[PDB]
Protein chains: 2
Amino acid sequence: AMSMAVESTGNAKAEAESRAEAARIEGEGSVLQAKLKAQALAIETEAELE
Amino acid sequence: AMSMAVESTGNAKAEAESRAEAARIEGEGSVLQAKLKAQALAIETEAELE
């Protein structure tokens with residue numbers, strides 16, 4: 001029974017942590033994607049302002 | 001009878017603890033995903049404010 005416990009832990013644990021630690025990547029993607037679009041859109045808008 | 005008790009304990013125990021300890025992973029996913037989207041959305045919004 002504590003065997004089947006360890007397989008269940010490993011399976012659900014592995015799947016969930018894979019999803020969350022990938023969401024870390026989409027998160028840092030959001031971080032520096034916001035940072036880049038900040039100045040990018042900034043220069044389009046300040047070029048269309050004049 | 002206390003045998004079938006131990007198999008029932010092991011099975012239900014294992015399934016439920018696998019689900020809860022995976023929910024721990026989605027929970028820490030929520031933790032640092034909120035932390036990342038905080039500053040990410042912060043910099044989109046403070047870049048569109050000007």
# chains A, B, ... in the order shown; residues from 1 in each chain; ligands from 1
>>> interface_residues(of="chain A", to="chain B", cutoff="9 Å", atoms="only C-alpha atoms", output="MDAnalysis selection string")
chainID A and resid 1:17 19:21 23:24 27:28 30:35 37:39 41:42
>>> write_last_selection(atoms="N, CA and C atoms", output="short mmCIF file (atom, residue, chain, number, x, y, z; two decimals), in the first residue's frame")
data_model
loop_
_atom_site.label_atom_id
_atom_site.label_comp_id
_atom_site.auth_asym_id
_atom_site.auth_seq_id
_atom_site.Cartn_x
_atom_site.Cartn_y
_atom_site.Cartn_z
N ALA A 1 0.82 -1.20 0.00
CA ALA A 1 0.00 0.00 0.00
C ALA A 1 0.86 1.25 0.00
N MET A 2 1.89 1.29 0.84
CA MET A 2 2.81 2.43 0.80
C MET A 2 3.68 2.39 -0.45
N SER A 3 3.84 1.22 -1.08
CA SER A 3 4.35 1.20 -2.45
C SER A 3 3.45 1.99 -3.39
N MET A 4 2.19 1.56 -3.56
CA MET A 4 1.29 2.25 -4.47
C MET A 4 1.18 3.73 -4.11
N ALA A 5 1.36 4.05 -2.83
CA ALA A 5 1.51 5.44 -2.42
C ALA A 5 2.71 6.09 -3.10
N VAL A 6 3.86 5.41 -3.12
CA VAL A 6 5.02 6.07 -3.71
C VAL A 6 4.87 6.22 -5.23
N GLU A 7 4.28 5.24 -5.93
CA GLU A 7 4.06 5.46 -7.37
C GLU A 7 3.08 6.60 -7.62
N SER A 8 2.00 6.66 -6.84
CA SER A 8 1.03 7.74 -7.02
C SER A 8 1.66 9.10 -6.76
N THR A 9 2.44 9.21 -5.68
CA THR A 9 3.17 10.44 -5.40
C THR A 9 4.05 10.81 -6.58
N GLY A 10 4.87 9.86 -7.04
CA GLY A 10 5.79 10.17 -8.12
C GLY A 10 5.08 10.63 -9.38
N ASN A 11 4.00 9.95 -9.75
CA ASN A 11 3.30 10.29 -10.99
C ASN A 11 2.64 11.66 -10.90
N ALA A 12 1.77 11.86 -9.90
CA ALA A 12 1.07 13.14 -9.79
C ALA A 12 2.05 14.28 -9.53
N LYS A 13 3.00 14.06 -8.61
CA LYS A 13 4.08 15.00 -8.35
C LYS A 13 4.80 15.39 -9.62
N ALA A 14 5.25 14.42 -10.41
CA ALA A 14 6.01 14.72 -11.62
C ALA A 14 5.19 15.52 -12.62
N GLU A 15 3.95 15.09 -12.89
CA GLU A 15 3.13 15.81 -13.85
C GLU A 15 2.90 17.25 -13.41
N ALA A 16 2.45 17.44 -12.16
CA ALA A 16 2.17 18.78 -11.68
C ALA A 16 3.41 19.66 -11.64
N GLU A 17 4.56 19.14 -11.20
CA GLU A 17 5.75 19.98 -11.15
C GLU A 17 6.27 20.31 -12.53
N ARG A 19 4.30 20.84 -15.14
CA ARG A 19 3.46 21.95 -15.58
C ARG A 19 3.82 23.26 -14.89
N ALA A 20 4.05 23.23 -13.57
CA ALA A 20 4.35 24.47 -12.85
C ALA A 20 5.70 25.04 -13.24
N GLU A 21 6.71 24.18 -13.43
CA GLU A 21 8.04 24.70 -13.73
C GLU A 21 8.14 25.12 -15.20
N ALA A 23 5.35 26.66 -16.46
CA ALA A 23 4.70 27.95 -16.22
C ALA A 23 5.69 28.98 -15.71
N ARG A 24 6.74 28.53 -15.02
CA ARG A 24 7.86 29.43 -14.72
C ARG A 24 8.48 30.01 -15.99
N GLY A 27 6.30 32.43 -17.45
CA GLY A 27 6.32 33.59 -16.58
C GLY A 27 7.49 34.52 -16.86
N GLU A 28 8.70 33.97 -16.97
CA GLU A 28 9.84 34.81 -17.33
C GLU A 28 9.70 35.33 -18.76
N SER A 30 6.79 36.25 -19.95
CA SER A 30 5.98 37.44 -19.70
C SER A 30 6.82 38.58 -19.14
N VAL A 31 7.75 38.27 -18.23
CA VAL A 31 8.59 39.30 -17.62
C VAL A 31 9.31 40.10 -18.69
N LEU A 32 10.18 39.43 -19.45
CA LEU A 32 11.04 40.20 -20.34
C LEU A 32 10.31 40.52 -21.65
N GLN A 33 9.16 39.88 -21.90
CA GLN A 33 8.35 40.25 -23.05
C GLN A 33 7.61 41.55 -22.79
N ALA A 34 7.12 41.72 -21.57
CA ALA A 34 6.64 43.02 -21.13
C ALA A 34 7.75 44.06 -21.17
N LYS A 35 8.95 43.69 -20.70
CA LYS A 35 10.05 44.65 -20.71
C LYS A 35 10.39 45.10 -22.12
N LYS A 37 8.36 44.87 -24.96
CA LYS A 37 7.28 45.59 -25.61
C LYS A 37 7.11 46.97 -25.00
N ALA A 38 7.52 47.15 -23.74
CA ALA A 38 7.50 48.47 -23.13
C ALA A 38 8.22 49.49 -24.00
N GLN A 39 9.53 49.31 -24.19
CA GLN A 39 10.29 50.29 -24.95
C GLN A 39 9.97 50.22 -26.45
N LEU A 41 6.89 49.55 -28.00
CA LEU A 41 5.71 50.37 -28.14
C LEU A 41 6.00 51.81 -27.76
N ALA A 42 6.91 52.04 -26.80
CA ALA A 42 7.26 53.39 -26.41
C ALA A 42 7.83 54.16 -27.59
#
